[PDB]
Amino acid sequence: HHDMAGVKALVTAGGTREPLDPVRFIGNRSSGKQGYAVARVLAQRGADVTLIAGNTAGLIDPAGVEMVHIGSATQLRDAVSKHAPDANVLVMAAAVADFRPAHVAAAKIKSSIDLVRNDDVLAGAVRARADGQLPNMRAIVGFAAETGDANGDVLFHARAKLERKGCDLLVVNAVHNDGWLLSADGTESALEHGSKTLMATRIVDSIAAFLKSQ
Amino acid sequence: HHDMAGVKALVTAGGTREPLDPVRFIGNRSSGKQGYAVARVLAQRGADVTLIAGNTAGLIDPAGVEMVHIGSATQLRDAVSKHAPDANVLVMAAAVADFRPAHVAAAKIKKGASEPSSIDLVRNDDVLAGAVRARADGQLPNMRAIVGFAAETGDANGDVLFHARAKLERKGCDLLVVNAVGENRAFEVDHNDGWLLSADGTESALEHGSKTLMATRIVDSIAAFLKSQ
Ligand SMILES: Nc1ccn([C@@H]2O[C@H](COP(=O)(O)OP(=O)(O)OP(=O)(O)O)[C@@H](O)[C@H]2O)c(=O)n1
Ligand SMILES: Nc1ccn([C@@H]2O[C@H](COP(=O)(O)OP(=O)(O)OP(=O)(O)O)[C@@H](O)[C@H]2O)c(=O)n1
Ligand SMILES: [Ca+2]
Ligand SMILES: [Ca+2]
């Protein structure tokens, strides 16, 4: 039915672009499709959805969703801050750049590129809510792409990321391999590889169950 | 009619992406749409078109055009090398990255706690200049027209036409399409700075109109150049 009726949901999706000059940037390969899918399913289930979108694979605005377009990780941060005070659910599906060029050239570059860190927006929301600044925020959802490497298997890294971020739910993609839904209470649920819509339904199901538990 | 009948055209379009690791890259804001429009007009007018496409995942493949997909400027270079021997016209509409990161990480660079490491850059080969030189060295006997594209702006050192003329003579191409950019949309300002520059000294204004109109003017200019020879 419409379980999300009355819920205000803030979703980020797509990759950010960190400018080097007016023409060039550091970007990433995120398509935004999974984040758009979650926004679409939330709206379909009655939520009042605001979608902050960075760079996407040409995607169409989902119907009934309020669109906010950003470029950089800092612009995404400011857009999340602007829209956070009344949101009940934050879904951080955007591939947010960890670093940005330290200097942006005023004109086209005809030179090593120095980098500085961007703010961790997801962690900022978790801390703000813990510090009493987001009383309406009932669920904070992070996304992660994890792989096994010489320092640990994929699930080890995913669990560590849940613990460090402190969010309520971590949607993990193992990079047709299945992913995971990791909850802050320790629940771990396999996320089967299906269409983006079916996976979005499973993600939103988990959000709805978490909201009912609280 | 079909003036481009019998012409084999190799077109590059879109921006390139220069990897930092499997997920991140240096990129640019070019859409590839103007180059796609030139390929589409060439085919509509009878040309046998091969389109080497960069960062254009959401664009529709032009009908009747052979598609070649590349990622980086070096991959674009290699694709042009492979396909140029078949072409009579090379249309270099791609926004090719001048630089690439010197090191490509095997895995996505992790957010540590120490200071982030700068990115060293290295120059990518000038594909257009490489084609001009190969033709001059006798390696491209079928190549009748080499077309470059450039976005130029006036700055403290000169206006658009000053910079554009200098780039044409410098690149050594037969035609330089200057500022075939913009979408002619509401609230988009037209700086009336579009030009078609020929290596014989002819200079014609390129009106900023739709992508299809500009592609038609560009292909008209190619046809006029081919007929001049
Ligand atoms: N500057 C950033 C970076 C990431 N994110 C959010 O954090 C989650 C992904 O974090 P991740 O990149 O996996 O964690 P990092 O601390 O950056 O660790 P890593 O070294 O693996 O990149 C996503 O929800 C993403 O939207 C964010 O809010 N702000
Ligand atoms: N590594 C490169 C760079 C650009 N091009 C081609 O060169 C033309 C545009 O050149 P432009 O970027 O305007 O001149 P540059 O020599 O790169 O000078 P600038 O730094 O001003 O860009 C286009 O046709 C583009 O496809 C190319 O073949 N190989
Ligand atoms: Ca990161
Ligand atoms: Ca350039």
# chains A, B, ... in the order shown; residues from 1 in each chain; ligands from 1
call {"tool": "select_by_dssp", "arguments": {"residues": "stretch 80-214 of chain A", "states": "strand (DSSP E)", "output": "PyMOL selection string"}}
result
chain A and resi 89-92+99-101+115-117+139-146+169-174+179-183+188-191
call {"tool": "write_last_selection", "arguments": {"atoms": "C-alpha atoms", "output": "PDB file, in the first residue's frame"}}
result
ATOM      1  CA  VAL A  89      14.603   9.856   5.985  1.00  0.00           C
ATOM      2  CA  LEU A  90      18.014  10.654   4.471  1.00  0.00           C
ATOM      3  CA  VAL A  91      19.152   8.283   1.705  1.00  0.00           C
ATOM      4  CA  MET A  92      22.777   8.999   0.722  1.00  0.00           C
ATOM      5  CA  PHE A  99      38.704  15.009  -2.555  1.00  0.00           C
ATOM      6  CA  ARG A 100      38.580  18.175  -4.646  1.00  0.00           C
ATOM      7  CA  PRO A 101      41.238  20.249  -6.418  1.00  0.00           C
ATOM      8  CA  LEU A 115      43.864  17.996  -3.478  1.00  0.00           C
ATOM      9  CA  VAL A 116      41.930  18.749  -0.278  1.00  0.00           C
ATOM     10  CA  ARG A 117      39.281  16.667   1.485  1.00  0.00           C
ATOM     11  CA  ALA A 139      16.392   6.984   9.391  1.00  0.00           C
ATOM     12  CA  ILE A 140      19.801   7.740   7.872  1.00  0.00           C
ATOM     13  CA  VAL A 141      20.804   5.366   5.048  1.00  0.00           C
ATOM     14  CA  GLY A 142      24.278   5.102   3.574  1.00  0.00           C
ATOM     15  CA  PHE A 143      25.487   3.322   0.434  1.00  0.00           C
ATOM     16  CA  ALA A 144      28.852   1.663  -0.117  1.00  0.00           C
ATOM     17  CA  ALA A 145      30.691  -0.175  -2.880  1.00  0.00           C
ATOM     18  CA  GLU A 146      33.031  -2.659  -1.213  1.00  0.00           C
ATOM     19  CA  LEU A 169      21.256   1.150   7.424  1.00  0.00           C
ATOM     20  CA  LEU A 170      24.128   0.579   5.002  1.00  0.00           C
ATOM     21  CA  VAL A 171      23.249  -0.589   1.487  1.00  0.00           C
ATOM     22  CA  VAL A 172      26.295  -2.505   0.272  1.00  0.00           C
ATOM     23  CA  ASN A 173      27.100  -3.378  -3.320  1.00  0.00           C
ATOM     24  CA  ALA A 174      29.844  -5.999  -3.688  1.00  0.00           C
ATOM     25  CA  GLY A 179      24.925  -7.096  -2.103  1.00  0.00           C
ATOM     26  CA  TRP A 180      23.919  -6.677   1.527  1.00  0.00           C
ATOM     27  CA  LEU A 181      21.626  -4.633   3.729  1.00  0.00           C
ATOM     28  CA  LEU A 182      23.478  -4.026   7.018  1.00  0.00           C
ATOM     29  CA  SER A 183      21.531  -2.628   9.983  1.00  0.00           C
ATOM     30  CA  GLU A 188      22.501  -8.546   7.875  1.00  0.00           C
ATOM     31  CA  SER A 189      20.335  -9.306   4.902  1.00  0.00           C
ATOM     32  CA  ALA A 190      21.451 -10.447   1.470  1.00  0.00           C
ATOM     33  CA  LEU A 191      20.469  -8.042  -1.314  1.00  0.00           C
TER      34      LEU A 191
END
call {"tool": "interface_residues", "arguments": {"of": "chain B", "to": "chain A", "cutoff": "8 Å", "atoms": "only C-alpha atoms", "output": "MDAnalysis selection string"}}
result
chainID B and resid 23:29 57:58 111 115:121
call {"tool": "write_last_selection", "arguments": {"atoms": "C-alpha atoms", "output": "CSV table (one decimal), in the first residue's frame"}}
result
chain,number,residue,atom,x,y,z
B,23,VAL,CA,36.0,4.7,-10.7
B,24,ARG,CA,37.4,8.2,-10.9
B,25,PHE,CA,38.7,10.2,-13.8
B,26,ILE,CA,39.5,13.6,-15.2
B,27,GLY,CA,36.6,14.6,-17.5
B,28,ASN,CA,35.0,17.6,-19.2
B,29,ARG,CA,31.5,19.0,-19.7
B,57,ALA,CA,26.4,6.9,-23.0
B,58,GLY,CA,23.0,8.5,-23.0
B,111,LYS,CA,40.1,8.1,2.0
B,115,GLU,CA,47.1,14.5,3.5
B,116,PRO,CA,45.6,13.6,0.1
B,117,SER,CA,48.2,12.9,-2.6
B,118,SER,CA,48.5,15.4,-5.5
B,119,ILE,CA,47.8,14.1,-9.0
B,120,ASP,CA,50.7,14.4,-11.4
B,121,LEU,CA,49.7,15.0,-15.0
call {"tool": "residues_around", "arguments": {"residues": "residue B:46", "least_positions_apart": "6", "cutoff": "9 Å", "atoms": "only C-alpha atoms", "output": "PyMOL selection string"}}
result
chain B and resi 1-7
call {"tool": "residues_near_ligand", "arguments": {"ligand": "ligand 2", "cutoff": "8 Å", "atoms": "only C-alpha atoms and all ligand atoms", "output": "PyMOL selection string"}}
result
(chain A and resi 108-110) or (chain B and resi 12-13+73+77+91-99+123-130+147-152+167+171+176)
call {"tool": "write_last_selection", "arguments": {"atoms": "N, CA, C and O atoms", "output": "short mmCIF file (atom, residue, chain, number, x, y, z; two decimals), in the first residue's frame"}}
result
data_model
loop_
_atom_site.label_atom_id
_atom_site.label_comp_id
_atom_site.auth_asym_id
_atom_site.auth_seq_id
_atom_site.Cartn_x
_atom_site.Cartn_y
_atom_site.Cartn_z
N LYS A 108 40.73 28.52 -18.78
CA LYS A 108 41.09 27.19 -19.23
C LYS A 108 42.59 26.96 -19.04
O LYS A 108 43.40 27.86 -19.24
N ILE A 109 42.94 25.73 -18.65
CA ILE A 109 44.33 25.36 -18.41
C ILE A 109 44.97 24.96 -19.73
O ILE A 109 44.52 24.02 -20.39
N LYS A 110 46.03 25.67 -20.12
CA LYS A 110 46.70 25.42 -21.40
C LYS A 110 47.91 24.49 -21.24
O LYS A 110 48.70 24.33 -22.17
N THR B 12 34.98 11.86 -34.70
CA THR B 12 35.10 11.66 -33.27
C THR B 12 34.17 12.64 -32.57
O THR B 12 33.95 13.76 -33.04
N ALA B 13 33.61 12.20 -31.45
CA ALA B 13 32.66 13.02 -30.72
C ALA B 13 32.66 12.63 -29.26
O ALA B 13 32.91 11.47 -28.91
N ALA B 73 41.68 9.53 -23.93
CA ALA B 73 42.33 10.14 -25.09
C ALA B 73 43.27 9.17 -25.79
O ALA B 73 43.41 9.20 -27.02
N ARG B 77 43.04 8.01 -29.58
CA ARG B 77 44.18 8.00 -30.49
C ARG B 77 44.30 6.67 -31.23
O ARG B 77 44.46 6.64 -32.45
N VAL B 91 36.78 14.21 -39.09
CA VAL B 91 36.09 15.28 -38.38
C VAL B 91 36.37 15.09 -36.89
O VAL B 91 35.75 14.26 -36.22
N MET B 92 37.26 15.92 -36.36
CA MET B 92 37.73 15.78 -34.97
C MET B 92 36.91 16.71 -34.07
O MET B 92 37.38 17.75 -33.62
N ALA B 93 35.67 16.29 -33.78
CA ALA B 93 34.78 17.06 -32.93
C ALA B 93 34.87 16.68 -31.46
O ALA B 93 34.19 17.28 -30.64
N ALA B 94 35.67 15.68 -31.12
CA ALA B 94 35.75 15.26 -29.72
C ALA B 94 36.48 16.29 -28.87
O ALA B 94 37.43 16.95 -29.31
N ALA B 95 36.03 16.41 -27.62
CA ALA B 95 36.73 17.19 -26.60
C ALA B 95 37.79 16.31 -25.96
O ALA B 95 37.58 15.72 -24.90
N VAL B 96 38.97 16.26 -26.58
CA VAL B 96 40.02 15.33 -26.16
C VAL B 96 40.80 15.94 -25.00
O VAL B 96 41.28 17.07 -25.09
N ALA B 97 40.96 15.17 -23.93
CA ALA B 97 41.73 15.64 -22.78
C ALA B 97 43.19 15.91 -23.15
O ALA B 97 43.83 15.10 -23.82
N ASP B 98 43.70 17.08 -22.74
CA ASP B 98 45.11 17.39 -22.98
C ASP B 98 46.03 16.60 -22.06
O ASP B 98 47.17 16.31 -22.44
N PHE B 99 45.57 16.26 -20.86
CA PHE B 99 46.41 15.63 -19.86
C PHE B 99 45.70 14.42 -19.26
O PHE B 99 44.47 14.37 -19.17
N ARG B 123 51.04 14.93 -20.56
CA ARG B 123 50.42 15.30 -21.79
C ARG B 123 50.00 14.13 -22.66
O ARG B 123 50.71 13.21 -22.79
N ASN B 124 48.82 14.20 -23.21
CA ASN B 124 48.31 13.18 -24.09
C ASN B 124 48.71 13.55 -25.52
O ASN B 124 48.84 14.67 -25.80
N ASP B 125 48.85 12.58 -26.40
CA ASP B 125 49.21 12.90 -27.77
C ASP B 125 48.11 13.74 -28.41
O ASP B 125 46.92 13.59 -28.08
N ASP B 126 48.52 14.67 -29.27
CA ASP B 126 47.60 15.48 -30.07
C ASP B 126 47.16 14.62 -31.25
O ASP B 126 47.90 14.45 -32.22
N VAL B 127 45.94 14.09 -31.17
CA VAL B 127 45.49 13.14 -32.18
C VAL B 127 45.32 13.83 -33.53
O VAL B 127 45.79 13.34 -34.57
N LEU B 128 44.68 15.00 -33.53
CA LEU B 128 44.51 15.79 -34.75
C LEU B 128 45.86 16.12 -35.39
O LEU B 128 46.05 15.95 -36.60
N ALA B 129 46.81 16.62 -34.59
CA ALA B 129 48.13 16.92 -35.14
C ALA B 129 48.80 15.66 -35.66
O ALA B 129 49.56 15.71 -36.64
N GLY B 130 48.59 14.53 -34.99
CA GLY B 130 49.14 13.27 -35.47
C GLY B 130 48.60 12.88 -36.83
O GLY B 130 49.34 12.38 -37.68
N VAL B 147 39.36 18.08 -40.38
CA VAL B 147 38.55 19.14 -39.78
C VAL B 147 38.78 19.13 -38.27
O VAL B 147 38.52 18.13 -37.60
N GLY B 148 39.23 20.26 -37.73
CA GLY B 148 39.34 20.42 -36.30
C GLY B 148 38.21 21.28 -35.75
O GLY B 148 37.53 21.98 -36.49
N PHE B 149 38.00 21.17 -34.45
CA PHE B 149 36.98 21.93 -33.73
C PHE B 149 37.65 22.63 -32.56
O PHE B 149 38.50 22.03 -31.91
N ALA B 150 37.22 23.84 -32.24
CA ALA B 150 37.82 24.52 -31.10
C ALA B 150 36.80 25.44 -30.46
O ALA B 150 36.03 26.10 -31.15
N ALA B 151 36.85 25.53 -29.13
CA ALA B 151 36.10 26.54 -28.39
C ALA B 151 37.07 27.65 -28.04
O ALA B 151 38.11 27.39 -27.43
N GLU B 152 36.78 28.86 -28.48
CA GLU B 152 37.67 29.98 -28.24
C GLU B 152 36.92 31.10 -27.54
O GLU B 152 35.74 31.35 -27.82
N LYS B 167 45.16 29.09 -34.07
CA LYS B 167 45.04 27.65 -33.88
C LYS B 167 44.95 26.90 -35.21
O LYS B 167 45.50 25.80 -35.34
N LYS B 171 47.53 24.04 -36.15
CA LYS B 171 47.14 22.66 -36.24
C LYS B 171 47.39 22.10 -37.63
O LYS B 171 47.60 20.95 -37.77
N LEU B 176 38.77 24.63 -39.58
CA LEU B 176 38.64 24.73 -38.12
C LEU B 176 37.24 25.28 -37.82
O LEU B 176 36.94 26.34 -38.26
#
call {"tool": "closest_residue", "arguments": {"among": "A:165, A:202, A:103, A:196", "to": "ligand 3", "atoms": "only C-alpha atoms and all ligand atoms"}}
result
A:165
call {"tool": "closest_atom_pairs", "arguments": {"of": "chain B", "to": "ligand 1", "cutoff": "9 Å", "atoms": "only C-alpha atoms and all ligand atoms", "output": "Markdown table"}}
result
| residue | atom | partner | partner_atom_place_in_ligand_line | distance |
| --- | --- | --- | --- | --- |
| B:108 | CA | ligand 1 | 22 (O) | 7.7 |
| B:109 | CA | ligand 1 | 20 (O) | 6.9 |
| B:110 | CA | ligand 1 | 20 (O) | 3.5 |
| B:111 | CA | ligand 1 | 20 (O) | 3.8 |
| B:112 | CA | ligand 1 | 20 (O) | 6.4 |
call {"tool": "residues_around", "arguments": {"residues": "residue B:199", "least_positions_apart": "2", "cutoff": "8 Å", "atoms": "only C-alpha atoms", "output": "JSON list (two decimals) with C-alpha atoms, in the first residue's frame"}}
result
[["chain", "number", "residue", "atom", "x", "y", "z"],
["B", 168, "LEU", "CA", 44.15, 26.84, -37.52],
["B", 169, "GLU", "CA", 47.57, 27.65, -38.94],
["B", 172, "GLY", "CA", 47.58, 22.51, -40.01],
["B", 173, "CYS", "CA", 44.07, 21.12, -40.61],
["B", 174, "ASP", "CA", 41.97, 22.00, -43.70],
["B", 175, "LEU", "CA", 39.10, 23.51, -41.70],
["B", 197, "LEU", "CA", 37.98, 28.99, -40.86],
["B", 201, "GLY", "CA", 42.12, 32.12, -45.77],
["B", 202, "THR", "CA", 38.35, 31.98, -46.24]]
call {"tool": "closest_residue", "arguments": {"among": "B:146, B:68, B:38, B:79", "to": "residue B:132", "atoms": "only C-alpha atoms"}}
result
B:146
call {"tool": "atom_distance", "arguments": {"atom1": "atom CA of residue A:158", "atom2": "atom CA of residue A:205"}}
result
20.4 Å
call {"tool": "select_by_dssp", "arguments": {"residues": "stretch 13-191 of chain A", "states": "helix (DSSP H, G or I)", "output": "PyMOL selection string"}}
result
chain A and resi 33-44+73-86+121-130+154-165
call {"tool": "residues_around", "arguments": {"residues": "residue A:148", "least_positions_apart": "5", "cutoff": "12 Å", "atoms": "only C-alpha atoms", "output": "short mmCIF file (atom, residue, chain, number, x, y, z; two decimals) with C-alpha atoms, in the first residue's frame"}}
result
data_model
loop_
_atom_site.label_atom_id
_atom_site.label_comp_id
_atom_site.auth_asym_id
_atom_site.auth_seq_id
_atom_site.Cartn_x
_atom_site.Cartn_y
_atom_site.Cartn_z
CA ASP A 153 37.12 -9.81 2.68
CA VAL A 154 34.21 -7.81 1.26
CA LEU A 155 31.91 -8.34 4.26
CA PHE A 156 34.67 -7.40 6.71
CA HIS A 157 35.12 -4.04 4.94
CA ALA A 158 31.34 -3.49 4.67
CA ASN A 173 27.10 -3.38 -3.32
CA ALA A 174 29.84 -6.00 -3.69
CA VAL A 175 31.91 -4.98 -6.72
CA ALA B 107 41.78 0.09 -6.91
#
call {"tool": "residues_around", "arguments": {"residues": "residue B:69", "least_positions_apart": "4", "cutoff": "7 Å", "atoms": "only C-alpha atoms", "output": "MDAnalysis selection string"}}
result
chainID B and resid 52:54
call {"tool": "closest_residue", "arguments": {"among": "A:68, A:208, A:199, A:167", "to": "residue A:5", "atoms": "only C-alpha atoms"}}
result
A:208
call {"tool": "residues_around", "arguments": {"residues": "residue B:205", "least_positions_apart": "4", "cutoff": "8 Å", "atoms": "only C-alpha atoms", "output": "list in words"}}
result
residues 193, 194, 195 and 196 of chain B
call {"tool": "closest_residue", "arguments": {"among": "B:56, B:30, B:139, B:88", "to": "residue B:223", "atoms": "only C-alpha atoms"}}
result
B:88
